[PDB]
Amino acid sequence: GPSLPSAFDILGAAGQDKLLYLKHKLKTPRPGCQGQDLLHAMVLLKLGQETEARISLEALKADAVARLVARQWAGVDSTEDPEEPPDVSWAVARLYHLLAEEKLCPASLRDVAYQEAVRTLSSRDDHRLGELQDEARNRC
């Protein structure tokens, strides 16, 4: 089942060589590659490089999924008021797309992640549903 811990597991399974390849490659932005910044920070975390990872995640403190990854995976304590956890479905969907492109996981796991994303945004009638449906159809 597509998830945050299953994503880190694939980064473990990729190997130290493929990790450093993804480290050096994801540091530079690419057009039409959402979740590149978040995947970069997770690469540094599976490579034991906590100090660089925390600097990367601080530059992303506006994204709630980037805040949750900084606290529960990079050990950064919250300075703000205690907030309820965020929906990770859409970020996990983008993270799974890049992992499938890099041939680290099957394309079908990106399809399950994009389907579950559509399901979660539908259960609360999100105004960004059509946006995600366009992305799901384009990536999958």
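In case it trips you up, residue 1 is the first one in the sequence shown, and so on.
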Checklist entry - Hey, which bit's got the bigger mean C-alpha B factor in the entry, 47-55 or 29-37? => result 29-37
Checklist entry - 109-117 versus 89-97: which one carries the higher mean Cα B factor per the record? => result 109-117
Item to check | Peak C-alpha temperature factor (PDB record), options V65, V76, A62, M42 | outcome: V76
Next on the checklist: Please place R128 in the lowest, middle or highest third of its chain according to the CA B-factor in the PDB entry.
Outcome noted: middle
Checklist entry - If you rank every modelled residue in this chain by C-alpha B factor, which third holds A13: lowest, middle or highest? => result highest
